[PDB]
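**Student:** The data below comprise the sequence and an experimental structure of the protein.
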Amino acid sequence: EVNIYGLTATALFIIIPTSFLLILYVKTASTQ
Amino acid sequence: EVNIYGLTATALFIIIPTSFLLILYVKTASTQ
Amino acid sequence: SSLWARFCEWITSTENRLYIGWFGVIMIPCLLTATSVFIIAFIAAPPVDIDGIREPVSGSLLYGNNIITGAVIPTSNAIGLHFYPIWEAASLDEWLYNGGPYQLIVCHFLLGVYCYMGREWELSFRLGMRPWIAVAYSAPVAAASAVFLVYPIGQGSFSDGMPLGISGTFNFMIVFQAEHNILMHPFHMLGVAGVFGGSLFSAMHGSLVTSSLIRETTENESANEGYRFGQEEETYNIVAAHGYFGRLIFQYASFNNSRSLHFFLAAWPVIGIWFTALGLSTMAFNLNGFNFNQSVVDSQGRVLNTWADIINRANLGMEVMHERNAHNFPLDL
Amino acid sequence: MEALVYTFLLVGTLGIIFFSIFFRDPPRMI
Amino acid sequence: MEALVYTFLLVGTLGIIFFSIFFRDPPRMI
Amino acid sequence: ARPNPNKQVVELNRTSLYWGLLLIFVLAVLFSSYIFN
Amino acid sequence: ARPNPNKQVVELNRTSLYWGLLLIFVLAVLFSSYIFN
Amino acid sequence: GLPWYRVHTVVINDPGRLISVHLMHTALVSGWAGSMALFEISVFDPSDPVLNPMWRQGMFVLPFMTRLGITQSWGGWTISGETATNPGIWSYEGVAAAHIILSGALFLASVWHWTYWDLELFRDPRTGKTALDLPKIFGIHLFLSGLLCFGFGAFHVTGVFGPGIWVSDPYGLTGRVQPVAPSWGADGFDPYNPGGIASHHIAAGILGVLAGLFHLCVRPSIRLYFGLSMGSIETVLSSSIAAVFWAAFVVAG
Amino acid sequence: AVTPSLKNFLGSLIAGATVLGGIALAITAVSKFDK
Amino acid sequence: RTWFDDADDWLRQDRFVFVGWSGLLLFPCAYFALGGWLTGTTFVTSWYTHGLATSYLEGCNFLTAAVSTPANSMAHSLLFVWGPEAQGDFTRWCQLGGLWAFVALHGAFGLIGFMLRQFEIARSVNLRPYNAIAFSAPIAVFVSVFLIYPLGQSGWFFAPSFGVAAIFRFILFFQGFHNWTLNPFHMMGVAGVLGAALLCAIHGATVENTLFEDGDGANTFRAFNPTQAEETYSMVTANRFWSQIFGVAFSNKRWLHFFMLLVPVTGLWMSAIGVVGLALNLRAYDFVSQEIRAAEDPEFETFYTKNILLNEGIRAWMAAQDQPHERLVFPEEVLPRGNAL
Amino acid sequence: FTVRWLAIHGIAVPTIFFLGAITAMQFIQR
Amino acid sequence: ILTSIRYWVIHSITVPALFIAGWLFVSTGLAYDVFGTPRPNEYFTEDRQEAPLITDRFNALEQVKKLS
Amino acid sequence: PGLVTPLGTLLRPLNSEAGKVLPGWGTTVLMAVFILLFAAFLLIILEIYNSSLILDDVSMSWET
Amino acid sequence: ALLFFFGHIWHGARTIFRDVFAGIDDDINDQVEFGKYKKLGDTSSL
Amino acid sequence: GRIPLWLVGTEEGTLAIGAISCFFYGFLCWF
Ligand code: CLA
Ligand code: CLA
Ligand code: CLA
Ligand SMILES: CCCCCCCCCCCCCCCCCC(=O)OC[C@H](CO[C@@H]1O[C@H](CO)[C@H](O)[C@H](O)[C@H]1O)OC(=O)CCCCCCCCCCCCCCCCC
Ligand SMILES: CCCCCCCCCCCCCCCC(=O)OC[C@H](CO[C@@H]1O[C@H](CS(=O)(=O)O)[C@@H](O)[C@H](O)[C@H]1O)OC(=O)CCCCCCCCCCCCCCC
Ligand SMILES: CCCCCCCCCCCCCCCC(=O)OC[C@H](COP(=O)(O)OC[C@@H](O)CO)OC(=O)CCCCCCCCCCCCCCC
Ligand SMILES: CCCCCCCCCCCCCCCC(=O)OC[C@H](COP(=O)(O)OC[C@@H](O)CO)OC(=O)CCCCCCCCCCCCCCC
Ligand SMILES: CC1=C(/C=C/C(C)=C/C=C/C(C)=C/C=C/C=C(C)/C=C/C=C(C)/C=C/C2=C(C)CCCC2(C)C)C(C)(C)CCC1
Ligand SMILES: CC1=C(/C=C/C(C)=C/C=C/C(C)=C/C=C/C=C(C)/C=C/C=C(C)/C=C/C2=C(C)CCCC2(C)C)C(C)(C)CCC1
Ligand SMILES: [Cl-]
Ligand SMILES: [Cl-]
Ligand SMILES: [Fe+2]
């Protein structure tokens, strides 16, 4: 049986550091 | 039965527009 | 200098951010009490006998209720109008069974909102405005006190007050229509006209002012940067807006005075809500709605039917099903 | 399980209320 | 269910490879 | 002109940040009970 | 001094963007089979 | 400083980048088409079409392929129950994979225009500004739409060169894919007559070709030109959204 | 082969044309009268 | 010069009223909706379709008069005066309930003419067209409850009749058959309506209360020049007021009036979407979880499971006289009794 | 004529007819 | 809105004419036959002691005159 | 002075006619005639589909 | 469909009102009077 | 001079009050 929690853990570990890096990149490339 | 699809839908509808607004706010408040 | 003088100067200062004043010393702790009881009782309240007929009713999130169905259950009918605090109860597993936190939260929330109205007077007087914000705030205070205090006094039980929840609000409203026929009551139609006219007048004024904003910015950036804060220039051409409205409908239904327009905005929905606030208080004392049963009669003597004679069937259907396990004697609910 | 989701959403709404009240931009003059 | 997650992760890795190759910053001179 | 003469900047202030986050959480609080059913 | 004399700026270029995103997806591709089990 | 709700207004006056985002939108729609087709194949159960039809299973984009005649998969099973030998190129999975290939191709087409947007088509040869000739563009597009409409009605519907469409028993028992005889009398407007759908596009594409060539040739009046602001571009968007939601109530009804 | 439905129908396409013609004639009767 | 020039000279000449290029629609296509509603409430019965005597001529009052919907056997015909159901016989056309289909389908163009007249004066007097986009929301409401709802639901009979005591029947119709209460789109709608009614009272009781000092007497209405370059209410003072009482407070009276524009139209559009979803009978009726738990465990009894058991009591009592074309007469044993309440 | 002439008459002309009708309804000796 | 005295021949004479016409349009009972509403002893025929029920669609002009 | 392609040389006369429009009325009255015919066509098919206009060859029986 | 109705109304407004897209001009005249100017802004016969 | 507008409005108010009083009288026991 597939995990109840596994797809949630996968999607969270995808989306959270991705958004964390996108914030910093857009803040950086805004100035220059 | 609980919507295991539904909890992922809840978490995605939380995190995606939140990150979308945070990118724009940090880009805005970077300059000023 | 003195302790009391320095304390009064601090409490009537206008530089602390959220103002306090002298009504604030009852507004702040009492509403914090009501909030701190309500958040706990919305989450982890045990089931409550609302009926006094030994049938507990689940209302909290932990016992199989979501956000819509979650509610703080009102007090049992055997408790009546008796004041029932924590210290008169036996245990906290006995206070929560007989409609505990509703009795506390309602009596806290009312004393909170009256002192909040006093605070809205007090800060206006401390700044030097004209004092009539509290008069306008008197309308939802009346609308809260009519369903939380006046109607349970009239019915003689705290059971028939409004349950503190989304799905409980509608079970208050439908049974109120069943026993009192609120739609066929002229105060309630005045309140419906109040809320619909308030929405109309808000959308109309917010259209006719936004449609006359003076161009001060470009067309790439925001249209809200044209108003620098704390200026002296009228950012909307009220002459052109009034001319547009006069061409649109009438020149003798003018309201050319901006101050007359604002008096009309302040007095339409407030007087709209005041009549429903009286209407609930009148229906609390069993002064009923209208009644057009069997009005249209033919020349023989038989009974014809109208829309009132269909609403009578719907209210019979509600009435023979509300409070299904209590009523034995054929009337007085 | 879903009760924790409900409680998290209510507490997050109250937190955004808190930060909106206290950590706003100051409405500044001329 | 999980096969779609596997395929999505592999295709996303290949997409980041594609954007890294073609949409890099130009390595510029003096 | 090879560089774009229409590169323009998005802008989103703190008031709009609070409005957007409050909108998303209020929508979540409302629809979550019906989604979980 | 009431305003902070140490307000400083974070900086993250496009090379580091690609490295971070590739790291996150490679970690996901590796651990996803063991998480799903 | 633009607000967040008008960030696509930087391509009001940049038609190559406008074509680039048209291409990217088309690629995303085709990508949804292919992915939904593959997911619906993987969920779909062909076990018994007598008591477990397609619509009990919640199947969505497969009763459009079956509607326009795609009745066979690579597994060998068909819709009515028997098996067919030759699947050909065009099975369900082949249609899905073709849409994925379209998605990738339109992606790579979308990259090229915004990389090289500054060509010399999008330039007034007369005076030297960046305009576009909207009635002639409309004549071209209406001519193309008429050609595809006429070809679809003539060949693929009536079974001249295409394989036809699903025309069924009205009592819902013995439906199959058939070439359709286009009827031209008064029964062509009865919407329970597939000959009406057949004879529709034959007239529709011809009239569209005629009107498209008409707009390629003639030029409008100054009265209607200033009255509708045809030099602007956003009047086309306002007219197109109108036509689209007029179509939507028809396809819903 | 005209049914009674089409019979009473075509009078409506007559009548709406008469209404719009009455509108247009009411425009011409006073517009070019004044100018 | 030519035609379409003197016809633009006139229709845009100014008088007391303003007829225009869409006033030529609005004034003829409306006012017959008003006349038809007044005619149906005063003179015209409803004895044949419903079974209800609902006219001023039949003893009803202003509350209980309604231009009534046609019977269910007139399924979705447009019900013209001439044609396959009335054949031009005007008395039979009024008896068959054609007046409702006159007034509704005739004033649906009245709304279009009014919004285009509102759109045309805003081009004549050169102003921004934000007054036009607000009136689209009651048009969406009118279409959603009077037009799209009876189309996909087997009859014009299942439509709110033009009256006062008939709208109440329509409200209890939704409350007892559809459970329109539990619709999140209706939650959006009541939030929009009631918040707009809030913010109207707030702005009205704020602006003329933080007012400046121009006149001499206490009658502050007599101290306003309509041709004025100054202000009339202290924005800084009201900002400090509502900032210290409530917390967040506005600072931009562009955004204030735009927010007053934006709230009730958002509420009414987000109610119209739910009325569409109810027209397709995708109602917000019972859940899964509490029902499968309450069938197992008897003593559960939430307000939810009381509202469902009350709506069943609505739907089993009102139907046998609400819709006679079903031809059903319930015995008294079948009805939800409650054991002698 | 005049548009003002028409807007004065053509609304209020059937009004007295309907008011006399309603008064006759009310004085129906039923 | 105050410019009117005008005790006028066309104005002040024709208003009671419309009033008496609206009176007689009901009191003669003509409106009942014009718009088809029943009279207080005509709701129930002796062969039909119920509300009427319009059954079929295309023959309604033949059915309502039966129901009268 | 932009970018030059063979398609840029081919399709350029299509993007050549920058704003040449007719003085006067043009084909406006004929356009109005076609619009009225299209409105009558939609009214025809709407009343057929509602069966407020019964024909001979139109069955509307869900049985063909 | 119902949402594209509103989108169409918005773009139909914003197409025609391009010149006054972001605010009225500083010099709206005295043509907002009731009966003096006998035509709403058009200059054919005043 | 003319008959004044207040004297017109008083008589219009009496015409309103009489018709509304007859409306209540026909509301009570008439149909
Ligand atoms: C055919 C569809 C279509 C197209 C091509 C456009 C195009 C445009 N609109 Mg528009 N609009 C549409 C439909 C459309 N609209 C509809 C239906 C509405 C009514 C709701 C509006 C309401 C509207 C307003 C109110 C405004 C525009 C504006 C604009 C312009 C800039 C857009 C921008 O930067 O916003 C960027 C917006 C976003 C990035 C927000 C996107 C987030 C959404 C809400 C969630 C994602 C949706 C999701 C993917 C599902 C959609 C798929 C499918 C179902 C459609 C642009 C010309 C602006 C304008 O006039 O320029 C000044 C403007 O202010 N539009
Ligand atoms: C601008 C005003 C206006 C508009 C838009 C409408 C619109 C409508 N009316 Mg209406 N009506 C009006 C004024 C108007 N009315 C007036 C003034 C009266 C009082 C006499 C009425 C009395 C009335 C009744 C009694 C009824 C309607 C009905 C209707 C509806 C259906 C009509 C139909 O099928 O005809 C369709 C008409 C056309 C398609 C127009 C024909 C155009 C074609 C293309 C012919 C081309 C023009 C033609 C050649 C004439 C030109 C003359 C030439 C010499 C220049 C429709 C919504 C019916 C209704 O309410 O439905 C229940 C109904 O029974 N109307
Ligand atoms: C609420 C209705 C409504 C409103 C207010 C508007 C408003 C507008 N539309 Mg519009 N439109 C609508 C519905 C509406 N539309 C519908 C349903 C369609 C069909 C898809 C269109 C198609 C459309 C196009 C194609 C264009 C507009 C344009 C415009 C703009 C210019 C005004 C104009 O020429 O309109 C025209 C007037 C109307 C649409 C109102 C209808 C008036 C006629 C007389 C009704 C016909 C009655 C008919 C005879 C009844 C018989 C049928 C009945 C029996 C069922 C304006 C913003 C133009 C624009 O934005 O560019 C500048 C433009 O090019 N519209
Ligand atoms: C005021 C003017 C009034 C004019 C009135 C008359 C209008 C007619 C105008 C001419 C229209 C011609 C088209 C006629 C097609 C009839 C369709 C039909 O009947 O379908 C039916 C036919 C018959 O087809 C068969 O019919 C059978 C009937 O049972 C079956 O259905 C079969 O399945 C079906 O295949 O379909 C066809 O085969 C049509 C194919 C013919 C197409 C010819 C190709 C044209 C190529 C043009 C090349 C142009 C080159 C120049 C461009 C250069 C590029 C730069
Ligand atoms: C066991 C029970 C547990 C109970 C826990 C209770 C939790 C709730 C406590 C509230 C915490 C949040 C507010 C604290 C921040 C604050 O004080 O503002 C910071 C400012 C700063 O003032 C400045 O404050 C200075 C003091 S300080 O150093 O800055 O703190 C002072 O010197 C200066 O004069 C003045 O300008 O304080 C004031 O403006 C007034 C102080 C009192 C206002 C706070 C009470 C308001 C609560 C609202 C109640 C209604 C809510 C209903 C429920 C939703
Ligand atoms: C008058 C001309 C009008 C043409 C309108 C064409 C509109 C565009 C259609 C493109 C999609 C085609 C539909 C799928 C078509 C399709 O699926 O074909 C299918 C087929 C390939 O698949 P298969 O042979 O395997 O068929 C499947 C079965 O055999 C197996 O069971 O293609 C052909 O053999 C010939 C196709 C010719 C198609 C010609 C189109 C290309 C040339 C067009 C040039 C026109 C220029 C006109 C200038 C005036
Ligand atoms: C003293 C104790 C009593 C007060 C305590 C309660 C305070 C309530 C504070 C409301 C915070 C909302 C912030 C809005 C976001 C915000 O910060 O707005 C900020 C905004 C600031 O306006 P500005 O002039 O600064 O904007 C300038 C422009 O550039 C952009 O607008 O203020 C408002 O418009 C007031 C609107 C309040 C609307 C409040 C309605 C919220 C309803 C409740 C939603 C949550 C549901 C609760 C259920 C769990
Ligand atoms: C949330 C939600 C929403 C929205 C939705 C949407 C909008 C979706 C979309 C989705 C999508 C949008 C999908 C798609 C995807 C795509 C894909 C998946 C594809 C990709 C591509 C590929 C895979 C390709 C590759 C390639 C290249 C590039 C090169 C060559 C080779 C090839 C071709 C292979 C709504 C509210 C409305 C509803 C409900 C839900
Ligand atoms: C049917 C029909 C038609 C139409 C006709 C018309 C056009 C009509 C009109 C009508 C009208 C024209 C109506 C009106 C009505 C109204 C009335 C009758 C009024 C009443 C009122 C009163 C009674 C008063 C009230 C009040 C006020 C407001 C003031 C003070 C006092 C009180 C409050 C009481 C036609 C043939 C086309 C077609 C077919 C159908
Ligand atoms: Cl009792
Ligand atoms: Cl209950
Ligand atoms: Fe205001």
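**Tutor:** Received it, and whenever you're ready, just let me know what you need. Numbering: from 1, shown residues only, chains lettered A, B, ... in the order given. Ligands and ions are numbered 1, 2, ... in the order given.
**Student:** so who does the nearest residue to residue J:86 once chain neighbours are set aside touch?
**Tutor:** Residue nearest to residue J:86 in three dimensions, not counting chain neighbours: residue J:93, with 3.8 Å by Cβ to Cβ, 6 or more residues apart in numbering or on different chains. The C-beta positions use only the backbone N, C-alpha and C, and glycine is treated the same way. Residues near residue J:93 by Cβ atoms under 8 Å, 6 or more residues apart in numbering or on different chains: J:79, J:81, J:85, J:86.
**Student:** Name the nearest of these relative to residue I:29.
**Tutor:** Distance to residue I:29 across those (Cβ to Cβ) is lowest for residue J:81, with 28.0 Å.
**Student:** I'd like the distance between the closest one and chain I.
**Tutor:** As for residue J:81, its distance to chain I is 9 Å (criterion: Cβ to the nearest Cβ, to the nearest Å).
**Student:** and that residue, that's in a helix?
**Tutor:** No - assigned with DSSP: H, G, I helix; E, B strand; the rest coil, residue J:81 falls outside any helix and is coil.
**Student:** which residues does it contact?
**Tutor:** Here residue J:81 is in contact with J:88, J:90, J:93, J:98 (Cβ under 8 Å, 6+ apart).
**Student:** Please repeat the previous calculation with a cut-off of 6 Å.
**Tutor:** residue J:93 (Cβ atoms under 6 Å, 6 or more residues apart in numbering or on different chains).
**Student:** Count the neighbours of residue 4 for me.
**Tutor:** Went with chain A since none was named. 11 (other Cβ atoms under 10 Å in any protein chain shown).
**Student:** Please refer instead to chain N.
**Tutor:** If you count neighbours by other Cβ under 10 Å, residue N:4 ends up with 17.
**Student:** so it sits right up against residue H:245, yeah?
**Tutor:** Yes - applying Cβ atoms under 6 Å as the test, residue N:4 and residue H:245 come out as touching, 3.7 Å apart.
**Student:** coming back round to it: which of the contacts of residue J:93 are buried?
**Tutor:** For these, a burial check counting by 16 or more other Cβ atoms under 10 Å in any protein chain shown picks out J:79, J:81, J:85, J:86.
**Student:** what number of residues lie near the residue nearest to the third one when sequence neighbours are not counted?
**Tutor:** On the basis of Cβ to Cβ, 6+ apart, the spatially nearest residue to residue J:85 that is not a chain neighbour turns out to be residue L:60, at 5.3 Å. Residue L:60 has 25 neighbouring residues, counting by other Cβ under 10 Å.
**Student:** Check residue N:45 too.
**Tutor:** The number of residues near residue N:45, taken as other Cβ under 10 Å, comes to 13.
**Student:** thinking again about what came up before, of all the buried ones among the contacts of residue J:93, which comes closest to ligand 1?
**Tutor:** residue J:79 (33.2 Å; Cβ to the nearest ligand atom).
**Student:** Farthest-apart pair in the buried ones among the contacts of residue J:93, please.
**Tutor:** Once Cβ to Cβ is applied, those give J:81 and J:85 as the farthest pair, at 9.9 Å.
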